[PDB]
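Worksheet for the structure shown next.
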Amino acid sequence: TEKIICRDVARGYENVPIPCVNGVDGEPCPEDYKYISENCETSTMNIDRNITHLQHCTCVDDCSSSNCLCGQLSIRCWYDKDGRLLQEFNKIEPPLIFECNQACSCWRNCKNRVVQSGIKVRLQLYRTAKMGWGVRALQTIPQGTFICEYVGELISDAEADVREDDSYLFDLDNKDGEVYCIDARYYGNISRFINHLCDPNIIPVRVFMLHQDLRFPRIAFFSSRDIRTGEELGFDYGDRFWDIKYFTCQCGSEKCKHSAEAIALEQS
Amino acid sequence: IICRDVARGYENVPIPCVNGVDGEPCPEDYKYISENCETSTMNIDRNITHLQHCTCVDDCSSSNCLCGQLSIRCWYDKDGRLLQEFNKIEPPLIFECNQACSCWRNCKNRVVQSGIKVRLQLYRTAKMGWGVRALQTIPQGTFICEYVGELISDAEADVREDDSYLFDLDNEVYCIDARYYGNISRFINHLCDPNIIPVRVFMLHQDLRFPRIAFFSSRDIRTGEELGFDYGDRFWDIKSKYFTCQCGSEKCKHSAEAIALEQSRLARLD
Ligand SMILES: COc1cc2c(NC3CCN(C(C)C)CC3)nc(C3CCCCC3)nc2cc1OCCCN1CCCC1
Ligand SMILES: COc1cc2c(NC3CCN(C(C)C)CC3)nc(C3CCCCC3)nc2cc1OCCCN1CCCC1
Ligand SMILES: Nc1ncnc2c1ncn2[C@@H]1O[C@H](CSCC[C@H](N)C(=O)O)[C@@H](O)[C@H]1O
Ligand SMILES: Nc1ncnc2c1ncn2[C@@H]1O[C@H](CSCC[C@H](N)C(=O)O)[C@@H](O)[C@H]1O
Ligand SMILES: [Zn+2]
Ligand SMILES: [Zn+2]
Ligand SMILES: [Zn+2]
Ligand SMILES: [Zn+2]
Ligand SMILES: [Zn+2]
Ligand SMILES: [Zn+2]
Ligand SMILES: [Zn+2]
Ligand SMILES: [Zn+2]
């Protein structure tokens, strides 16, 4: 039978509790990491936090106009009235989102402040059948809804290359510059338990909020379609992960590109 | 009511602005910010491994909370008010719980980080310009607001024309300048009979160069009563050559009447 291992893995740091359940085996709630709601540093990253370096808008409205400088920096503001990404949003090659900040003239509740307002959907940490821990939806989630942020430890490329466990690295590669990582192995949030799906229902987006240091985008997961209740969330880890990894994909999708069956067909 | 919220929704509560004295509109010669900002490379030590934290599995109400111990004892009661025994003359540093603690976000040692809870008003006074008054009764030791401004160096503070909004952070001295960037606390006037006290607090970082200033009530504050702290003699030694105190207290130490009595006491002596 299924039991509640923990009422809130986030210890009240989120807008909503993120409980933990297991109805598959006798493995307890994971405790081999530190839950953090916001990205942390373990060495000086010299993030540019200078308020005068912030590009901002002069909006006296709710930032719903074509004239919002912040919306313009993002090509257009991609959020609708309810905070969901527009259907026209490029899901394959997504643009950078520049949310409003503390230097804008607008209010804290303007239409360009979705990711900075945190988690709004009901999520659950649960034990899967062949992928260990996973994250599923406790409610129906419409397409373009913000889910959560890929929160971890901000580390350099030189540091990522010295780490034994690389199963929690998110790459932050820019146009023509530096390489920085988010490692969610020692420090991370709920997104560290999101598994790979060959048919994914969430997409990662590079977002800027309180700072605009281009070497440090924050990763926001948005639904890439309508998600049913109980449905497991997942994004494509990329071919680099499957080229690196010892274990085959257990997503079980009919359109699975990284199963042992699919791998053996490609080699043949 | 001239403005519904001077904080543009950045606070837990709206901070409205009123004027029933003159024709001056609500102030717009500054940028409202809910949190301290930087205008130069400050590099506040934000390394999570450098954080002193507790191992509390409870709500941090015990004598065993390391964070409470760093603060001598946790000075907050069940309701988040400072204990009566709290040294109001020479206050200790408060080390609130942080993201490295094992406790929950709603533990008993997280008062200042949970922001403004009292209903405040920005209003026009009779002889002190803009001031901040209470729209509710406030019990002693209640957290009011933070002295939010721009984080600047001593060398920078010495190069600034307007020094009427500087808060000193001495331990290498740093300042909070609330002239260009600031919050509601930038309108808190000086009172010779003060009802609020400043306290140095540490929360998400423990870079001792940058304590955050928290204002707590020093006594029970009636509704409508203007909030104010003692700016210190250093301010009145600077600013007396230009203006005198208008707090109107019977125990006023910086009124033109008090200044003229001291100069007459010295001329009678030597
Ligand atoms: C297979 O998993 C990844 C391995 C990665 C990896 N491997 C290095 C190889 C050298 N190795 C040394 C001990 C010899 C250290 C580890 N390196 C890097 C950056 C790349 C730029 C240069 C610095 C390092 N990123 C990775 C990202 C990976 O995940 C990809 C995204 C999907 N993740 C899954 C969970 C969250 C999102
Ligand atoms: C009169 O107000 C103050 C003036 C100050 C002041 N003045 C300097 C003098 C030199 N001057 C140069 C043109 C030569 C530049 C300005 N300097 C400093 C520090 C001292 C240590 C080294 C850096 C500078 N602190 C001050 C604090 C003050 O307020 C005290 C508290 C009350 N405030 C009221 C609002 C909120 C709290
Ligand atoms: N589609 C998939 N097939 C098999 N294993 C998967 C998978 N997706 C994720 N995993 C597992 O999850 C790791 C990435 S982090 C995901 C959280 C993890 N399942 C946990 O229990 O902590 C992968 O390295 C692998 O161990
Ligand atoms: N007790 C007092 N007597 C006379 N002026 C005062 C005062 N307390 C504060 N002030 C005024 O307030 C300044 C500090 S900032 C306080 C906010 C200010 N009253 C405003 O309208 O913006 C002082 O330099 C002085 O201009
Ligand atoms: Zn705008
Ligand atoms: Zn806006
Ligand atoms: Zn904006
Ligand atoms: Zn698969
Ligand atoms: Zn504790
Ligand atoms: Zn605590
Ligand atoms: Zn603590
Ligand atoms: Zn006075």
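The residue numbers of chain A are those assigned by Swiss-Prot, with the residues present covering 918-1162, 1165-1187 sequentially.
According to its header, this structure was worked out by X-ray crystallography, 2.6 Å.
Each residue, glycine too, has its Cβ placed from N, Cα and C.
According to Swiss-Prot, A:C1017, A:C1023, A:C1027 bind Zn(2+) 3; the candidate from A:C980, A:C985, A:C994 that the record adds to this site is A:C980. Note on Swiss-Prot: of A:1058-1061, A:1142-1145, A:1154-1157, A:1172-1175, the range annotated with the feature region 'Interaction with histone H3' is A:1154-1157. Residues A:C1168, A:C1170, A:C1175 are recorded by Swiss-Prot as Zn(2+) 4 binders, and the candidate that the same record lists for that site, out of A:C1098, A:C1115, is A:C1115. In Swiss-Prot, the feature region 'Interaction with histone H3' is placed on A:1074-1093, out of the ranges A:954-973, A:1074-1093. Taking a Cβ cut-off of under 6 Å from any atom of ligand 7, the binding-site residues A:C1017, A:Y1085, A:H1113, A:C1168, A:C1170 reduce to A:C1017. With respect to their backbone Cα atoms, A:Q1169 (S-adenosyl-L-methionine binding site) and A:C1027 (Zn(2+) 3 binding site) stand 42 Å from each other.
Closest to A:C1021 (Zn(2+) 2 binding site) in space, going by CA atoms and restricting to the binding-site residues A:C976, A:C1027, A:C1115, is A:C976. The subset of recorded positions A:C1023, A:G1049, A:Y1067 lying near chain B, with Cβ atoms under 8 Å apart, consists of A:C1023. Missing segment of 2 residues between A:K1162 and A:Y1165: the endpoint Cα atoms are separated by 5 Å. Same-chain neighbours of the Zn(2+) 2 site beyond A:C974, A:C987, A:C1017, A:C1021, judged by a C-beta within 8 angstroms of the site's C-beta center, are, in sequence order, A:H973, A:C976, A:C980, A:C985, A:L986, A:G988, A:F1015, A:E1016, A:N1018, A:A1020, A:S1022, A:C1023, A:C1027, A:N1029. Residues A:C1115, A:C1168, A:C1170, A:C1175 make up the record's Zn(2+) 4 site, and a Cβ search at 8 Å around their centroid adds A:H1113, A:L1114, A:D1116, A:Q1169, A:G1171, A:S1172, A:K1174, A:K1176, A:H1177, A:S1178, A:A1181 from the same chain. The C-beta environment of A:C980 (Zn(2+) 1 binding site), restricted to residues of the same chain at least 6 apart in sequence and closer than 8 Å, consists of A:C974, A:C987, A:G988, A:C994, A:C1017, A:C1021, A:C1023, A:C1027, A:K1028, A:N1029.
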